[PDB]
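The chain below stands alone, shown as structure tokens; this is the form deposited in one PDB entry.
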């Protein structure tokens, strides 16, 4: 049903968002203290970008599949809600990357 599809897509996006927040918390807590050379910063930035781009692939897949299922009344309200949730997740993922680059450039 459109109700189950909506609820499940939102639940999956919430899980991806929490995984991104937990990853960010783990960066600040578990990362080791070494000489922050230009090379160290570039190596860490490319890995963080790769990790966050893979989180974005998961969010994109959940959103595209939810929209596709809702396409095949209140169904339009659900599509708007899932798309708004996908956009906000994308902005949050972008804000994590920006804070991480600022954190490495300290």
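Positions refer to the first chain, counted from 1. Only residues modelled in both forms are compared. For clarity, a rigid core is taken as the largest C-alpha set superposing within 1.5 Å between two forms.
The next section is about a form of this same protein that is not shown, the form deposited in another entry.
Engineer: Verify the C-alpha shift of residue 80 between this form and the one not shown: is it 2 Å or more after superposing the core?
Structural biologist: Superposed on the core, residue 80 moves its C-alpha less than 2 Å between this form and the one not shown.
Engineer: After a core superposition, would you say residue 38 shifts its C-alpha by at least 2 Å between this form and the one not shown?
Structural biologist: For residue 38, whose C-alpha is compared between this form and the one not shown after core superposition, the shift is 2 Å or more.
Engineer: At 2 Å or more of Cα shift, core superposed, where are the runs of at least three residues that differ between this form and the one not shown?
Structural biologist: After superposition, residues 29 to 35, 37 to 39 shift as runs.
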